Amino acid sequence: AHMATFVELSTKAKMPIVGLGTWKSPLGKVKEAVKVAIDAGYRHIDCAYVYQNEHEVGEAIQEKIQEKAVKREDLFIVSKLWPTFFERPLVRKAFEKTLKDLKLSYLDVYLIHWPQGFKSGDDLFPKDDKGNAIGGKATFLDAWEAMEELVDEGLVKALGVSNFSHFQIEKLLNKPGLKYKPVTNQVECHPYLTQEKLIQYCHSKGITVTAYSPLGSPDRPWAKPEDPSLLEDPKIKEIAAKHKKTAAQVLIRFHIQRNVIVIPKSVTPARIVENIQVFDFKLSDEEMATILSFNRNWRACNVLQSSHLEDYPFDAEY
């Protein structure tokens, strides 16, 4: 039985520092993973409309609630609003599909998944005849206002953002009539992309950071053989052996010691358990400085390439 440390949000809700990520996987693979996770002691599950797999997650949580394995109040469920749904009637409609598939009556956190609004319509990745993304009418600011209504109505406990730079967080924070603040910024983070200035910024504003792709997302479709490889990184493995731990566990523990929430994904039961076995060791302050020095500003997750649209987050330094 395991329990992740709590990270307290500006709303005083407690966010488990390790969560289970839910990257697309067939078919009931993700459902069992959620079941296995809950068994092992995970309470934080990270979800997304775009994965189109949220119903599996829903079946899993439902069954474990009836089985009496877990209660709702102890689960910490996060999902996100995809950019093609920023227009106000769409926000509510996308959210409702999320909350339905998940068979919940509320989310602990609802995130803006990406800062740039995309063309509304059937496509989730609207593109021109030349491949480039098509912008939409509503902004992330427009979306946020609709999302704040969800909080007003007790459908969501707290809001946050994902893939935001500090310039975009600044715009959100300085928005007139702002009701609710982002409790987290979920972004890619690992030793090749250490996000030092952004984490500094968020924390200075009382906004937590959630590290995604902490293992380098090896299963990403667009990987290349020469794309650097965190899990196979000899200097990571060496630090691991020193603690009698796996490379994956070191990569996870790295965020924990920076006070950064982290959501490693696995549909393999042995790995799910292993990925939460990370509160029995501690990297030395010298091991942490060594890992921090691996920063090469490499993004595994930069597929969108809507660098032509307004509010592209990765143009910013941080």
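In case it trips you up, residue 1 is the first one in the sequence shown, and so on.
Original post:
Can you tell me which stretch has the higher mean Cα B-factor, 249 to 257 or 36 to 44?
Top reply: Averaged over C-alpha atoms, the B-factors run higher in 36 to 44.
Original post:
For the stretches 236 to 244 and 144 to 152, which has the higher mean C-alpha B-factor as given in the deposited record?
Top reply: Taking the mean C-alpha B-factor of 236 to 244 and of 144 to 152, the larger value falls to 236 to 244.
Original post:
From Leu178, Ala94, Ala158, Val78, can you pick the one with the highest C-alpha B factor in the entry?
Top reply: Of the candidates given, the C-alpha B-factor peaks at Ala94.
Original post:
From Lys171, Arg220, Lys205, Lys103, which pick has the Cα B-factor that tops the rest in the entry?
Top reply: Most elevated C-alpha B-factor of the set, per the entry: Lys103.
Subject >> Chain third (lowest, middle, highest) by recorded CA B-factor, residue given as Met15 >> reply: CA B-factor rank for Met15: lowest third.
Original post:
So where's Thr139 on the chain's Cα temperature factor ranking, which third?
Top reply: For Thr139, whose C-alpha B-factor we compare with every modelled residue in the chain, the answer is the middle third.
Subject >> B-factor third for the C-alpha atom of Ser162 within its chain >> reply: According to the entry, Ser162 has a C-alpha B-factor in the chain's lowest third.
Subject >> Where the record places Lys130 (Cα B-factor, split into thirds across the chain) >> reply: Its C-alpha B-factor belongs to the highest third of this chain's values.
**OP:** Report the third (lowest, middle or highest) to which the CA temperature factor of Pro264 belongs, ranking only the modelled residues of the same chain.
**Re:** It belongs to the lowest third of the chain when residues are ordered by C-alpha B-factor.
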